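Peer 1:
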Ligand SMILES: Cc1cc2nc3c(=O)[nH]c(=O)nc-3n(C[C@H](O)[C@H](O)[C@H](O)COP(=O)(O)OP(=O)(O)OC[C@H]3O[C@@H](n4cnc5c(N)ncnc54)[C@H](O)[C@@H]3O)c2cc1C
Ligand SMILES: NC(=O)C1=CN([C@@H]2O[C@H](COP(=O)(O)OP(=O)(O)OC[C@H]3O[C@@H](n4cnc5c(N)ncnc54)[C@H](OP(=O)(O)O)[C@@H]3O)[C@@H](O)[C@H]2O)C=CC1
Ligand SMILES: NC(=O)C1=CN([C@@H]2O[C@H](COP(=O)(O)OP(=O)(O)OC[C@H]3O[C@@H](n4cnc5c(N)ncnc54)[C@H](OP(=O)(O)O)[C@@H]3O)[C@@H](O)[C@H]2O)C=CC1
Ligand SMILES: NC(=O)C1=CN([C@@H]2O[C@H](COP(=O)(O)OP(=O)(O)OC[C@H]3O[C@@H](n4cnc5c(N)ncnc54)[C@H](OP(=O)(O)O)[C@@H]3O)[C@@H](O)[C@H]2O)C=CC1
Ligand SMILES: NC(=O)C1=CN([C@@H]2O[C@H](COP(=O)(O)OP(=O)(O)OC[C@H]3O[C@@H](n4cnc5c(N)ncnc54)[C@H](OP(=O)(O)O)[C@@H]3O)[C@@H](O)[C@H]2O)C=CC1
Ligand SMILES: [Cl-]
Ligand SMILES: [Cl-]
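Put into structure tokens, the structure is as follows:
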């Protein structure tokens, strides 16, 4: 069986290794516009912030490793087209513009995504960088040497990380986005208000509710004009989302409005021999049980695995995702999973939430820390619809506990009393997650009288 | 109208008290407690002993004034002498004047808890042999410590471990003795307990295992302990050999296990429909085995204490069972577990297998990282997860609760292997260390098929 | 004295009457592109929803009226250029393209605003409609008797009211807004959730948190594409906001980053001989003491009067504004003034908030209604920064009382105790405004 | 700390709760002749007109709740003496006539007021009734059933309410008033003419400018004789006014000529250890900045909270009052605040007024209502002194907007232009309050 892989960062890497372990009698050929694989862009910000001392340690594999098991790995190759009918791909070597067309028995679309770039005059400016791959990274390190004033466009995870990183390293940092509050897509106001006061306490300038219009690169730097003001920075970084790199298959496979490849529960697109995984596909979102586009490295490794398991026939079903996510900002651990209250009612769902703030362990310990918590739930079925935790004590593991509850369709009543260890070194007699759910019950008890 | 009398009041009684009131306000609740204190965090003694509790009063989360402040007929310093399930009455003698009184009730709450295990050994009532459970024992251990350079803990549970570790860091010369083969063998397997022992030995703690204490002999030099394998002399010995349900008030009257622990239905109600049981005096449904068992943990007491309130009048909220989730911190190392151990499931003859994994909880390219030794116990046919544990100097305690939810929901090793879990280099690899743990299980099952 | 007035809708209409009465000797000339004046755009949604018998009532002044008062009225006239240093303006008679150049002593820039339009593909369609003036109203009034599907683009005041009018008159209403909450700029999330649910109760389809990529003329209608979906409608009404209509002076007087003319307390532009009022100028936002762009009719009528009074020498000062506003939606009266908590927290202001619901009058009365109230305030100075009220009972007036509170820099303690009448027909012993401020006092003391 | 409270209706109830909260240590003792508290005597007229349904709703507190909060609640007690120098109070149990004596550290004087009783022959008749008590209302409920002819003696708030109430439920209502026009104390003749005419609309006989000489008891009815006529009736209700019920301290603390206990900004009497709140005390009248007597429930609730606030030391200051009031007569809403033009002309104050009627919202709306407006002000400082509004539409809240204006000493110039929202559902572009002040602006410039 001849198998070809389009794109190879994380989704393609795991699929490659998986397909060769499950079907060693296969001829696997992978193409990638780049030269490397398995680069952890998730760790770029840490690298810029000075938290990474060896950059090659951000690669958990290499073209050599994949080709040691039998992978026909063609780096520097740009797949130019795929015809689902003749089952061939047209690729062009980037080292000499050599075009070729090969047939295949199965094709895996792991082409991922690409940053979203608006149609804003002045975009063409070189002082406006993108942030996605190891090439953008290596550019930022140097170009962040003589760029004292740096500006980030967007208000997502990347923008938050980049801003903090450049802020704790002696830069005049500015952050701009149409969002009303930072990281609105992941946390509710009570959380994002604390982060902004942090961003302000650390000198970062916040220009929210404003959308850029142009970029007039002067001899004094890059001049950004938003529809409410203008700012003068030395470098601007685009951090305003991802869009699936699904041009080759547009109109050729069922997609979402953004170009995300719809799939069944075994990673098969509408073309029964074309698979997708990662930033190029749409994941089943359990909180809504409807497909969604949530580009996360977690979906790329899992989806990449299932492809190998299901290449020849259906074997293991995708478990969907709660979109569990989190990060560290100014020593605070900020994690969440599932729906935010805003994102649930914005979809008209029957949703309520509780925001609890309790110390994570008894006050008699030598030290303790406040943990701000949120629980989104159905007021009728009592089904948990998501949660979030913020604390200088690493509460990140709790978000994965909430993820399990959502995966298992658990209610606030389940979480209110589910067994959880107790030890003053760790929590109160009731783990802070139990207490959180018991507030949901108390909330619903108030409404039942 | 409805007369409720609570027997005992540490944790299982307190919550039940606060619960009944808010749930059944037109009720007259009377509670008797031999002590003068309630809600004493005994689980903070070693921390107090170890010197990490400066304000010992912060170890109580309530007080009789509070309960009476809500309307509880609070009666401290009273010992319930007997209970008649027929005429529905109790006899109690005031400890301040030996005044007996027989009172009636419509419902009884049997939250009498437990008491340490004191064996028939010679030289036992020697004051150099002390107990550790309530606020009275801790206050004495505070005094008996100042003039007890050498200290011996008898047992091999979490307490003996917590106490041995606490004293060793405070300058004492400590020795540990127990019939067990490995420290905390009923909670962790060999790969974990061997590292714990290495810490002890690395901290000067003298470990004497497999030895059966046979006598204590008072001596102006101190106390001399005789074990079939040797004889030691310490200044103080602490009984840490487990609990026994303090239920003999109801013997022959309600269904109890071999150790006198009360059996309850799914709503904490004993075999007598008007006698509820919560906490260390009852047996809990153990989900990993779906049988009744004796897991005396403060987690059960508060939960069962609550359930007694919502159900005191009629079945309202079913008990969810327990996985026995527990864990401690020994020498800057987080040790937690939940469910069955491999040996404990094997010792029960269940289809069980296990993987032991050790990986850094987050990628090495981070400025720091710590190894996390992990263990998963699962059914090799059903692939159902039966138990697990983690050990690391990184606080992995919350992952034990994650495993608890998988067991509660009867999750398999495949579910845990691919369940969505966040990734951020500050916390873990692209796959959380729990996903990795479960994927080693699958790997273990993917071989014996071939 | 020669006085030139550009545009005459509301601000221009007031400055003219004021000027001709303040100094009934000057020569006043007013140029207006349209053929009518004094048209209340704030009545478009109420007709479209079928509530205005004779739409001739939406006009309160007229050219003949202004020319009788002594002004020279030139309807259908585009002003093609203003020459400040020369103090001249060049205009074209739209009726015959004829151009003339006239001199002025003073110029009044009442050019107002124009609806924001997106640089997009498909925006030129005849199914994409604007909604600002008399012409737009008749077009939407004519092309609405057949159009079953109607889509409003925007989450603001205009969009919310158009959706309500059409929805209440048998229409498939879809509101596509990029902001995640309808009318985010006026009410914190607590008020809007009831509003958004009110729309769902009435079958309106809300496409919030989406941006329209383009409009595409499809077979069975016009297809609207966003980043998360695509929508089919017969008519798309743009309610995305307004932009100052001040290109005539772009680079000739001090302007805000959006083109709004920056004035002083007497409405004088950076050029003294040039006054501005209404949607062409900025306004002093008393809550912050900064200049905001608050294009409300209340500001046009007020500044127009001040132009006519400060035309020679600064006579009366501008008081600023708290941007008091409100509307009626599905039986509910919804009013606001000053800042919300989100905007306050957004602009780096020390602010907290209390939310309170209460039956505006005693329950023993034959009837009563709950009132959802919000008060935004500085938690350490106690000063009131803004407030909002919502109820099926007409609480509109209470938004004016708050404005006077903000105008005088009152505190929650002032509002908590200030004298307010009591009679069971109207309120409780303590007026709900008193009760609203008292709850703010408790929160202040709770965290002390 | 020992605290004794005399009388517990409204001011007493609030001072109690404020003391128990801010001082859960002091010892609170309260005495009340009656067997209830918190009864709103403002609902009797509604309940007599059958507009209330469960008079148990006219009680917002109770002895139990107050005792459950930590106070000693002595119901059915008639304190018979106060000894400041000794700091004791002699009380008497009404259930057994017993008598004791208690010491106090602070005593709150909330004895309220009592209906002015006229020295008249026949004033003993059981057909002559009062109307201030919960018991009073019960006797008024029983009587009305067999009472076709009800006579109201007075020209103020209570009489007008009761007359309208009984007139709308099928009674022969006669109103006798020494005053020449009903409610001369709150509204100028321009408003009372409509009200007096309204009564003549609904078959209510007005006896204005007359004084009763006697009540002649008879079989077919009690005949009432005045200096100008005679009237037979089945029931005559007295509502001539209120008098301070403060004899316990006559000669022990400063008082107004009517007995009102003079307090300072912190509600303390001439004796520093005795507070006064409610109908027992005079209040600082902001419009005049003098002490006056206005027994309003709004006065009592505010002052009560101030006693518990400054009980130990002056903490919060009394902000004065505009005596904002209002009632619902037939199909109209009449509200007032501050001074009338007549009341100002009678006290030697620079005062002018304007009167403006106007449809409260645009006529193009489906419906609108005229609004009669009054604004009293100083014609040379432009300071606002008072105001009033009347209209079928609920303009109640606008009386509170004016009190804030008076509170902050604003002028007609502030009100003429201060920001106020516009929306046809609510008002014209300029709020009718703005229009009113603008009317006042035109009269000063008409004489400058
Ligand atoms: C549907 C809609 C509903 C609204 N509802 C409310 C409400 O309920 N409450 C409220 O307070 N506000 C409301 N507003 C806002 C209010 O209508 C505006 O703020 C008000 O119209 C501004 O008055 P203006 O005269 O200063 O400017 P405009 O009304 O915008 O008039 C500007 C004039 O300038 C003319 N002009 C521009 N350039 C030239 C030129 N070169 N030559 C000649 N003439 C020129 C234009 O023809 C135009 O007529 C609403 C607005 C809209 C569109
Ligand atoms: N720790 C983690 O797990 C991390 C995960 N990621 C993942 O990688 C992907 C890409 O990251 P990122 O770039 O942060 O994308 P995100 O979606 O996380 O953030 C993009 C943000 O930019 C805003 N935005 C979009 N367009 C514009 C515009 N024209 N002007 C101003 N602001 C705009 C959006 O706000 P609005 O939607 O309100 O318009 C949005 O919140 C994400 O999908 C995320 O899942 C990235 C970084 C860290
Ligand atoms: N962090 C936590 O979770 C903590 C939990 N607890 C709970 O409190 C309860 C009491 O704890 P603990 O006292 O440890 O009870 P445990 O049963 O947990 O520990 C007692 C141990 O002592 C050994 N032992 C018993 N009898 C003798 C004897 N005569 N001579 C020598 N050794 C003996 C047993 O080992 P073997 O079985 O090998 O013979 C047994 O493992 C437990 O249920 C525990 O779960 C208490 C403290 C901390
Ligand atoms: N009753 C009243 O007082 C009324 C007053 N007015 C006034 O008239 C003027 C015009 O009103 P209106 O049309 O409501 O203007 P508004 O600014 O009030 O409303 C525009 C709304 O549309 C949203 N929006 C902006 N751009 C886009 C886009 N590209 N895609 C999707 N949504 C977008 C904005 O949300 P976000 O800002 O969160 O992005 C904003 O809330 C306003 O200044 C207003 O003050 C109008 C009607 C009634
Ligand atoms: N909704 C509200 O706010 C209400 C408030 N109240 C308050 O309660 C208090 C008591 O009310 P009420 O007793 O009605 O007093 P009011 O002030 O309401 O009315 C009493 C009126 O009766 C007239 N009067 C006095 N003596 C005689 C007499 N011998 N013969 C005929 N007429 C006479 C007086 O007119 P003149 O002074 O012109 O001689 C006086 O204005 C008032 O102070 C009032 O403020 C009462 C009812 C409703
Ligand atoms: Cl072993
Ligand atoms: Cl929000």
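Residue numbers (the entry's author numbering), protein chains in the order written: chain C, 1 to 449; chain D, 0 to 449; chain A, 1 to 448; chain B, 1 to 448.
For each residue, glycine too, the CB sits at the ideal point set by N, CA and C.
Beta carbons nearer than 8 Å to chain C: which residues of the stretch 275 to 301 of chain A have them?
Peer 2: Taking 8 Å as the Cβ-Cβ cut-off against chain C, none of the residues of the stretch 275 to 301 of chain A qualify.
Peer 1: Tell me whether residue 302 of chain D counts as near ligand 1, meaning its Cβ is closer than 7 Å to at least one heavy atom of that ligand.
Peer 2: No, the beta carbon of residue 302 of chain D sits no closer than 7 Å to any heavy atom of ligand 1.
Peer 1: Please confirm whether any heavy atom of ligand 6 lies closer than 7 Å to the CB of residue 351 of chain D.
Peer 2: No; taking the cut-off as 7 Å, the Cβ of residue 351 of chain D has no heavy atom of ligand 6 nearer than that.
Peer 1: Relative to chain D, which residues along the stretch 47 to 66 of chain C have a C-beta separation below 7 Å, given in chain order?
Peer 2: Listed in sequence order: 51, 52, 54, 57 and 58.
Peer 1: Looking at chain A, is there any beta carbon in it that lies within less than 8 Å of the beta carbon of residue 367 of chain C?
Peer 2: With 8 Å as the cut-off, residue 367 of chain C does not count as an interface residue toward chain A.
Peer 1: Does the Cβ of residue 184 of chain A have 16 or more other Cβ atoms within 10 Å, making it buried, or fewer, making it exposed?
Peer 2: Result: buried.
Peer 1: Going by DSSP, what residues sit across from residue 79 of chain A in a beta bridge?
Peer 2: Per DSSP, A:91.
Peer 1: Looking at the secondary structure, which residues open and close the alpha helix (DSSP H) in which residue 396 of chain A lies?
Peer 2: Unbroken alpha helix (DSSP H) run through residue 396 of chain A: 396 to 407.
Peer 1: Leaving out five residues before and five after residue 438 of chain D in sequence, what residues of the same chain have Cβ atoms less than 8 Å from its Cβ?
Peer 2: Correct list, in chain order: 416 and 430.
Peer 1: Check whether chain A comes within 8 Å of residue 442 of chain B, counting only Cβ atoms and requiring the distance to be less than that.
Peer 2: Judged by the 8 Å Cβ criterion, residue 442 of chain B is not in contact with chain A.
Peer 1: Measure the beta-carbon distance from residue 421 of chain B to residue 324 of chain A and round it to whole angstroms, keeping in mind my assumption that it falls under 8 Å.
Peer 2: The Cβ separation is near 4 Å, so the contact holds.
Peer 1: Tell me the residue span of the beta strand (DSSP E) that contains residue 259 of chain D.
Peer 2: Looking at the DSSP string, residue 259 of chain D is not in any beta strand (DSSP E), and its letter there is neither H nor E.
Peer 1: In angstroms with no decimal places, state the Cα-to-Cα distance between residue 148 of chain B and residue 135 of chain B.
Peer 2: Taking the straight line from one Cα to the other gives about 21 Å.
Peer 1: If I follow the unbroken beta strand (DSSP E) through residue 106 of chain A, where does it start and stop?
Peer 2: Residue 106 of chain A -> beta strand (DSSP E) spans 106 to 109.
Peer 1: I'd like to confirm something about residue 390 of chain A: is its beta-carbon nearer than 7 Å to some heavy atom of ligand 4, or not?
Peer 2: No.
Peer 1: To be precise: take each residue of the stretch 369 to 382 of chain C, compare its Cβ to all Cβ atoms of chain D, and keep it if any distance is under 7 Å. Which residues remain?
Peer 2: Hits within the stretch: zero.
Peer 1: Can you give the Cα-Cα distance for residue 265 of chain A and residue 331 of chain A, rounded to whole angstroms?
Peer 2: Rounded to the nearest angstrom, the two C-alpha atoms are 39 Å apart.
Peer 1: Return the chain-ordered list of same chain residues with a C-beta closer than 6 Å to the C-beta of residue 60 of chain C, the five sequence neighbours on each side being excluded.
Peer 2: Counting only Cβ-Cβ distances below 6 Å, and skipping sequence neighbours, we find 38.
Peer 1: Strictly under 8 Å for the Cβ-Cβ distance: is residue 260 of chain C near chain A by that measure?
Peer 2: Taking Cβ atoms only, chain A never reaches closer than 8 Å to residue 260 of chain C, which makes this a no.
Peer 1: Quick one: what's got a C-beta closer than 6 Å to residue 167 of chain C's C-beta in the same chain, skipping five residues either side?
Peer 2: Hits under 6 Å: 173, 202 and 204.
Peer 1: Could you name the residues of the stretch 328 to 344 of chain A whose beta carbon sits closer than 9 Å to any beta carbon of chain C, in the order they occur along the chain?
Peer 2: Within the stretch 328 to 344 of chain A, the residues whose Cβ lies closer than 9 Å to some Cβ of chain C are 341, 342 and 343, listed in chain order.
Peer 1: For residue 35 of chain A, is the classification buried or exposed, using 16 other Cβ atoms within 10 angstroms of its Cβ as the cut-off for buried?
Peer 2: Result: exposed.
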